[PDB]
Amino acid sequence: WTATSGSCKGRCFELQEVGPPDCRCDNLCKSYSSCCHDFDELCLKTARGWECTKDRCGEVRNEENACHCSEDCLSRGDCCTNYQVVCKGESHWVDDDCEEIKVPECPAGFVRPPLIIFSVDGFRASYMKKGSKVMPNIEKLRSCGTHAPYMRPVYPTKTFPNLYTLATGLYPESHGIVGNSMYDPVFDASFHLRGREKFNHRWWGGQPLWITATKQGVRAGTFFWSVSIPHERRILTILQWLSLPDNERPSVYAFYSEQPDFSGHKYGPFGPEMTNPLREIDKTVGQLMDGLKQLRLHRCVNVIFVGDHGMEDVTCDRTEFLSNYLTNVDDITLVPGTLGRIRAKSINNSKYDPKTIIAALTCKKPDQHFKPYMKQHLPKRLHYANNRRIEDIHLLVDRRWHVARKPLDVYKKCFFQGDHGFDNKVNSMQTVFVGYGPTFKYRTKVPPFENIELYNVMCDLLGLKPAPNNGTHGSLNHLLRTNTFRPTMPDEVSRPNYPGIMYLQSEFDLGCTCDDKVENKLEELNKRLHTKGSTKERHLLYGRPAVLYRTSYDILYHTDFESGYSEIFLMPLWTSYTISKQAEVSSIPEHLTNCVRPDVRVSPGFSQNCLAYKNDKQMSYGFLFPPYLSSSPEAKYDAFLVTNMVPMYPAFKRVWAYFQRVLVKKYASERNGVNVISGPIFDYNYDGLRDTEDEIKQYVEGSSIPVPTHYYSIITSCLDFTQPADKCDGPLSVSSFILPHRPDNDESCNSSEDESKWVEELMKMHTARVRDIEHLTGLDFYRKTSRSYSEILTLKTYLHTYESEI
Ligand SMILES: *[C@@H]1O[C@H](CO)[C@@H](O[C@@H]2O[C@H](CO)[C@@H](O[C@@H]3O[C@H](CO[C@H]4O[C@H](CO)[C@@H](O)[C@H](O[C@H]5O[C@H](CO)[C@@H](O)[C@H](O)[C@@H]5O[C@H]5O[C@H](CO)[C@@H](O)[C@H](O)[C@@H]5O)[C@@H]4O)[C@@H](O)[C@H](O[C@H]4O[C@H](CO)[C@@H](O)[C@H](O)[C@@H]4O[C@H]4O[C@H](CO)[C@@H](O)[C@H](O)[C@@H]4O)[C@@H]3O)[C@H](O)[C@H]2NC(C)=O)[C@H](O)[C@H]1NC(C)=O
Ligand SMILES: CCOc1cc(C#N)ccc1COC(=O)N1C[C@@H]2CN(C(=O)c3ccc4[nH]nnc4c3)C[C@H]2C1
Ligand SMILES: [Ca+2]
Ligand SMILES: [Cl-]
Ligand SMILES: [K+]
Ligand code: NA
Ligand SMILES: [Zn+2]
């Protein structure tokens with residue numbers, strides 16, 4: 001109930017939600033059924049349209065007009081945006097040559113350049129080129145300001161998750177808006193797009209930018225716009241707010257356009273009907289820029305033109321039905337569409353079994369257009385697991401497809417030709433970023449980046465301290481002229497030990513054997529040098545990783561590789577080695593197939609043992625530095641040390657062996673040498689963060705050898721591939737992965753074929769940023785390079801996506 005007896009007289013789009021119970025006049029009042037009786041009359045005037053015409057020039061002020069062409073309009077803050085063009089012979093902003101904005105040019109009383117966020121729903125990245133002829137304003141912003149070829153949204157590439165990610169710098173799993181539709185078991189509540197429940201504060205986690213601003217004394221315009229308020233009125237409202245007195249005027253603003261998404265759903269991403277929506281958005285941008293120019297603000301305000309996600313071609317006939325797979329189809333609840341989430345229809349159903357459901361959905365039809373996952377097995381790059389609102393069972397749907405429960409759902413819920421929501425690496429889902437203003441760079445292209453990074457930058461633009469978030473602060477400094485944030489490297493917490501030879505062979509009782517008893521200070525003083533670190537500048541190219549938590553670990557040097565060996569987890573945290581373009585691949589000799597050797601630098605009590613691997617029927621082992629890449633027959637013995645061993649399922653050893661025997665050489669060949677850092681990851685609670693020892697849910701049987709959930713590799717080389725990886729004078733190039741350590745290869749439907757037909761495709765799917773691996777290991781990489789730290793942060797957030805060109 002709202003007593004709407006009050007009046008919006010003088011309160012149109014007021015920046016405070018009034019003391020309850022009261023009559024409301026803000027952008028949200030329609031949504032709450034709380035607007036004053038005269039809201040439409042006073043605050044949503046339309047009379048005479050949105051443009052000045054010559055005959056209106058100097059008119060006598062008629063308050064009924066939507067906007068004014070009277071002489072006092074600049075003072076009242078309410079001219080139509082084209083007033084000075086039509087009445088004062090000024091030019092439209094788009095027609096002006098662009099001129100570098102070296103410093104903010106603001107009216108007196110402006111304490112900081114304002115920030116205007118102009119967000120566009122479904123604005124696919126390729127619209128910037130493909131629609132450029134019909135978007136002159138947007139094209140000027142783009143070419144004159146700072147732009148990226150595209151911006152990566154978060155998964156799921158839906159609207160609320162991405163807009164709220166833009167505002168918070170958080171992964172959906174952390175901010176809590178994990179889809180357009182949600183169930184929260186704790187609250188026992190549901191979130192729907194249509195309705196009232198979506199406004200309830202409990203859904204919205206983290207700290208959105210408007211709150212960050214407010215708490216730090218920076219006033220914000222309201223981010224939400226009611227759907228029925230036309231764009232022209234949205235623009236005039238922002239412009240009016242920008243004419244408020246100094247003590248009342250917000251410094252940050254948001255605009256939101258439902259287009260081009262709205263038409264994109266109906267007509268597809270490139271339907272001929274899409275041209276007009278693009279024209280219209282551009283016209284709106286033009287109205288903003290003309291309006292700013294009238295206020296002498298067009299060289300003061302920073303404007304961000306940003307999309308939430310792209311749009312893909314999707315039609316009704318391209319729908320997979322769960323009823324073609326499950327016989328028990330009515331015992332489940334499915335959240336459907338461009339992603340799938342499955343839970344039990346009833347929690348009193350004790351005959352509900354996620355494992356048979358997953359199995360019934362696994363590789364069942366030859367061209368199957370979705371893949372089932374337990375959420376913790378989703379590629380780590382999606383960061384889509386750590387929230388009670390995300391169902392244990394998940395379907396990754398192929399681009400261009402939908403999943404639904406039964407055919408009746410699709411015809412008694414074609415209507416639509418476009419949709420989005422797919423994997424955030426998908427080209428069609430990529431969206432846009434342009435920054436224009438005094439604080440952004442001039443005519444500058446920057447590499448693609450993730451939308452999670454923007455919150456930090458928006459905080460920088462406003463002089464705000466960002467709340468804790470998933471951005472890497474400083475990774476986008478290259479977008480900015482000034483206001484850069486100068487981060488320092490985190491301090492190493494644990495310093496390594498440097499163990500020498502301290503144990504005799506016979507002190508070890510590991511059930512390991514090796515055929516290594518085969519026998520001159522020429523090559524005897526030389527092997528001492530290699531164990532002291534004589535080749536370490538070759539295999540450790542960017543300094544050792546810093547360990548950012550309290551632990552006990554040893555640096556171990558070898559001819560071919562260096563490792564940081566954890567006495568706590570009984571294996572390396574990291575193993576670093578360089579493979580030149582010229583390196584030769586050899587096999588593991590017949591006599592050395594089962595060879596595991598005690599490491600006389602490391603105590604029996606801090607070593608693994610072969611017995612545990614013999615007794616454990618499920619678990620085998622692999623090596624971090626690959627024996628296949630040993631530099632000499634003698635060096636090869638080093639690769640068999642018990643301190644280079646890690647636990648591996650036979651099914652996963654298929655993946656790992658192929659990567660080590662075939663792919664590393666191939667990368668070294670294509671990239672002119674590679675440096676590789678591999679290691680284990682433990683994330684049993686799937687929070688994206690390094691497990692502590694007491695979080696490990698699985699051990700090699702009858703041992704304290706913990707089982708990794710994943711294995712990572714970071715593969716670095718020279719950006720200029722004419723220089724070898726170990727002699728690179730400039731910027732680096734990286735690709736990384738976090739492979740799930742699974743006892744089966746069910747995820748790969750082709751896995752019974754030769755590794756050459758499925759292993760690399762698996763690896764590509766599990767591509768990762770170095771930053772993802774940092775979170776997962778508590779390690780800090782690239783501590784010693786010749787590169788600026790901000791450039792290193794950018795490199796660390798890079799993701800190799802394996803899509804073709806946009
Ligand atoms: C991406 O960036 C984000 C942001 O930086 C990272 O997330 C942070 O990670 C921290 C480490 O996991 C986490 O810190 C914990 O906070 C607990 C209390 O936190 C509350 O207050 C904060 C601050 O305002 C608030 O942000 C939190 O909001 C969460 O919860 C509400 C309600 O559900 C949501 O509205 C909101 O969306 C958010 O949910 C998300 O996070 C929670 C985890 O907090 C998830 O469960 C959800 O799924 C969702 O993702 C909270 O309201 C605090 O209790 C923790 O402290 C425990 O552990 C420490 C060890 O240091 C110990 O000292 C304490 O005693 C305590 O242990 C006790 O609790 C244990 C569990 O109950 C119990 O087992 C013990 O026996 C003890 O009793 C902890 O410090 C921080 O909350 C989040 N922040 C956010 C916004 O998510 C994220 O990690 C980054 N991701 C990556 C991949 O890098
Ligand atoms: C929530 C955070 O809101 C921001 C953060 C920033 C930032 N940074 C900037 C602007 C904003 C402002 O958003 C708004 O005014 N809103 C009002 C719109 C209603 N809504 C939908 O119903 C909807 C639902 C499903 C869809 N599928 N496809 N299209 C869809 C559209 C999307 C909402 C965006
Ligand atoms: Ca963890
Ligand atoms: Cl959803
Ligand atoms: K075994
Ligand atoms: Na398989
Ligand atoms: Zn949409």
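Order of appearance sets the numbers: ligands from 1, and atoms from 1 within every ligand. The first residue of the sequence shown is numbered 1, and numbering continues consecutively from there.
Between the side chain of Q240 and the backbone N or O of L236 there is no donor-acceptor pair closer than 3.5 Å.
Here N469 has backbone heavy atoms under 4.0 Å from ligand 1, and that is the only part of it that gets that close.
With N387, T168, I177, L170 as candidates, the residue nearest to atom 86 (C) of ligand 1 on a non-hydrogen basis is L170. When the options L776, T692, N470 are ranked by their closest heavy atom to atom 88 (C) of ligand 1, first place goes to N470. The nearest non-hydrogen atom to atom 39 (O) of ligand 1, considering only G169, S174, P172, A385, comes from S174.
For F123 and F305, the distance between ring centers is under 6.0 angstrom.
Considering backbone and side-chain atoms alike, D261 places an N or O below 3.5 Å from some N or O of ligand 2. Checking only distances, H383 never comes within under 3.5 Å of ligand 1, N or O to N or O. Residue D121 places at least one N or O, backbone or side chain, under 3.5 Å from an N or O of ligand 2. Residue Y164 has no nitrogen or oxygen atom sitting less than 3.5 Å from a nitrogen or oxygen atom of ligand 2, judged on distance alone.
How far CG of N200 is from CG of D184: 10.5 Å, rounded to the nearest 0.5 Å.
Listed by chain and number, the residues in a salt bridge (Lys or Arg N to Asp or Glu O under 4.0 Å) with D121 amount to none (sequence neighbours excluded).
Near-neighbour remark for the Na ion (ligand 6): protein N, O or S atoms under 3.0 Å are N745 O, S748 O, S751 OG; waters not counted.
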